[PDB]
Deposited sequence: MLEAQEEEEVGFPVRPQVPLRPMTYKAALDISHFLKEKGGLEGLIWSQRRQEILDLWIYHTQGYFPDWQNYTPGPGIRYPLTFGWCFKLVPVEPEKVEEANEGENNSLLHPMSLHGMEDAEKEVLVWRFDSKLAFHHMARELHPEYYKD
């Protein structure tokens, strides 16, 4: 209600946090099936930072073309091209909790 809940203290992103936020946002009314944009991602990241305290530099993905995989192990959304730059859609994939696809595709990101 009021006053609006303020900025919470900073805390580092973890596998566990990314997984919980993933499952939270996969539920109906959340992130699933929305078309990606820089503005929409920034709005989401600000909301997560404000309300949960995770600095907004964790939701990065592998470069195109094709499916974009999350660089942060534990984040279970990928960006999937709508086949018709590419139009991308947020998609939850439960398998990403166990398979770090981005690292397999780009091990050079993780030295």
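Several segments of the deposited sequence have no coordinates for C-alpha: 1-10, 95-121, 149, numbered from the first residue.
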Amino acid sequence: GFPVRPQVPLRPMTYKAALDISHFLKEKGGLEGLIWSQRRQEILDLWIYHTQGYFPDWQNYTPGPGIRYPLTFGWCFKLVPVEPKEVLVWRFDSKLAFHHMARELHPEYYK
From here on, numbers count along this sequence of modelled residues.
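For the pair 43-51 and 26-34, the record assigns the higher mean C-alpha temperature factor to 26-34.
The stretch with the higher mean CA B factor, choosing between 102-110 and 2-10, is 102-110. For residue 58, the recorded CA temperature factor ranks within the highest third of the chain's modelled residues. Annotation for residue 21: C-alpha temperature factor in the lowest third relative to the rest of the modelled chain, per the entry. Sorting the modelled residues of the chain by their CA temperature factor places residue 71 in the middle third.
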